[PDB]
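Shown next as structure tokens: one chain only, the form deposited in one PDB entry.
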């Protein structure tokens, strides 16, 4: 138990709260979560000690690979007859290099043998491993060399891959053997079915405590029964009462039969003032608990404050459950009593019912089917009907499905199985207050054909609360989501956890198992959860989840605790500079910083740890002379560490990170993720528009890290050394001679990609201080704090000034009327249309981010902006015409 107390101290330090605080939670759901999740921990630890030491090394250093070994035409043609030049370094005392020309699809074992052949010609194979020079990135698995992200990046950038031969035992001996230990908490009327209760739904509103307002006058409680965002019946209000005495003692009757209540049904309520009706406090509750039990008896629900922007009286897409703060409006509710415990029926009872319904419908006469548009006969399915179904399935997730299409999709639900990507539309067409239809939907979902992971992700958002539906989505992720794509969408998958009704669910088990079997996923999983630990709407869920992750991640908890301590020291320093030294000069502030940083406690916490931006990067000794307070808003810290890697000169000798305390970095994180997804779509279609999605990580409440791009300057820094020719002059000066055209091409291409990306996403206004350019000519944007409809009718955030057109047109006077400008336009058109073709992906990435309290992403109407910029109701020619007009009005001619 001495080991357990010390480990509980480590977990507490990592999570930010003491582990004893969980042990004090009375809630049986919380205690069952802590216990039951431990089998995911056990399965994951078993997988790691399955083929030791290799399986342990694969967990710690997973291959950083692309999803497909297939190289796009433009990328493959960058190779010399499908061959790549590679540099293999061998440490012999001294550093010896061996240059190899090998096929791109060579396995690391082939590369090692070719390297030993060259070393022998200068005068075993499975006793070595290839490492990337400069970082802790290893090639432990037998993939084609070009499938590794490092190599694919080298081919695309005309770079020389620098690999190092390392002895397997030099790596194996450095990987500590941890033993996962099961914690102390591992060792812990009648019952009737819901479908047997021949009664209507009723709930009693008793009274409200902690209703502190400005004597606001007459108040009432507004209630509704919801299934996700869909109302199951009409909303029921209490009688008006004075705020000075909030007492109702009233039963509210709902237009819903208790056996008709879906599994994920919720009571959505709010205390409203009044005619200008205004919500004061809101709260949501699950009608069934985690044990599938219908709510009974008395219950007190602590309510939440109204979000600035919500004018709606109820808030169904808000969080479910009581507010952890007990010094808030507290509404007492009483539920019905049935002289027994009521449970939702099990699968077998639901299947018997669905099979009974299917069989009964199959015997319906022509005239019976004619009574309802939701009933149709098997043989009466024409080729036109099948065409309309296929057409409906191509519509985007924000396209309204009329009541007629809903009846139509439901009556052809069996044909829908042949076009399985229609499932999200079919699910929104279901009568969720009819147990006959819901039971039939379950049986269709149970056996539904698998869909694409990016299509299944939609089924995990706020629109699909049903656990059978969510379980299907998770099964598609388990079978088809690669570790590369999981890493890419980890922020959306962590966000949708908030939409799970219960702590113990299929999604959380899938995510935890992946985090515990891949340290690269585990790292970002920990940081996305930890960064939101201040938010009291998810701190219990994320804290318990972090507790379970920290018990089984092994040795990585110790490395995480170094990054947590380094970040805390930096949060403490920046907090002092903004509260006690804000009005002092840069020199005075830098003197204060240098002194504080040099303290023994601080100095050691800020050196010798892994970059939270990229844990393959080691941060050694902090280089204090290169550290500075930046002139930008919130005055970020420019930080520089030595790369302690022996071959640091072959990658970067100093790792420079911007530490910023003051701004929400979540919108920046999402924009950068989208830019990368856009670039990925463009490269795959043979459209080389190189984007620069630099690293950005939120590490707490308005705190985070930004990856510094080396050899980059703002437009202002360029022109401050002014003519419109200054930018073109600088580029021509940085790329003198034969390499001039490559810079112009790179500028034009990066420029086209940023015009299209920023116009689609509606990014904040571009100016000279937030547009940067690398020496080689690569243009990129920084500071993505604003997106979508952030004003109140569509904007062009990136208006190409004379400066940009002069570069594009190679110094010509009439830049608007050149062949270079026409080709720049064609690049924009192609780019715009390609994104239009993947609209569902983008819409779903944003929809999964709605529970995240981001100011510009609160409703589906905020996401609707992307439907306008991508012109989705219009045809492809009309969408191109619309893009050209937006550009023309912004530029006052040219398009």
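C-alpha atoms forming the largest set that superposes within 1.5 Å between two forms make up the rigid core. Numbering follows the first chain given and starts at 1.
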- prompt: If we scan the other compared entries, does residue 592 go without coordinates in at least a third?
  reply: no
message: Check this for me: in at least a third of the other entries compared, is residue 363 absent while its neighbours are modelled?
response: yes
query: Does the deposited sequence hold unmodelled residues between residue 215 and residue 216, and if so, how many: none, 1 to 3, 4 to 9, or 10 or more?
result: 1 to 3
field: Absent coordinates between residue 123 and residue 124 - deposited residues affected, binned into four classes
entry: 10 or more
- line: The stretch whose C-alpha atoms carry the larger average B-factor in the entry, 749-757 or 172-180, is 172-180
field: Of 364-372 and 241-249, the one with larger mean CA B-factor
entry: 241-249
message: Comparing recorded Cα B-factors across 84, 521, 258, 203, which one is largest?
response: 84
query: Which one of 353, 736, 774, 617 shows the top CA temperature factor in the record?
result: 736
- prompt: Comparing residue 387 with the other modelled residues of its chain, is its CA B-factor in the lowest, middle or highest third?
  reply: highest
- line: residue 32: CA temperature factor from the record, placed by chain third, in the lowest
message: Ranking every modelled residue in this chain by its Cα temperature factor as given in the entry, which third contains residue 68?
response: highest
query: In terms of the chain's CA B-factor thirds, is residue 190 lowest, middle or highest?
result: highest
Third of chain Cα B-factors occupied by residue 17: middle
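As for the form deposited in another entry, it is not shown, yet the points below apply to it.
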query: Relative to the superposed core, which single residue of 450, 72, 370, 620 shows a CA shift of 2 Å or more between this form and the one not shown?
result: 370
task: Take the rigid core as the frame of reference and indicate whether the C-alpha of residue 710 shifts by 2 Å or more between this form and the one not shown.
output: no
message: Following rigid core alignment, is the displacement of the residue 142 C-alpha between this form and the one not shown equal to or greater than 2 angstroms?
response: no
Core-aligned CA displacement of residue 360 at least 2 Å between this form and the one not shown: yes
- prompt: residue 365 and residue 413: do their C-alpha atoms lie closer or farther in the other form than in the form you see, with a change of 3 Å or more?
  reply: closer
query: By 3 Å or more, the Cα spacing of residue 427 and residue 365 differs in the other form; is it closer or farther than in this view?
result: closer
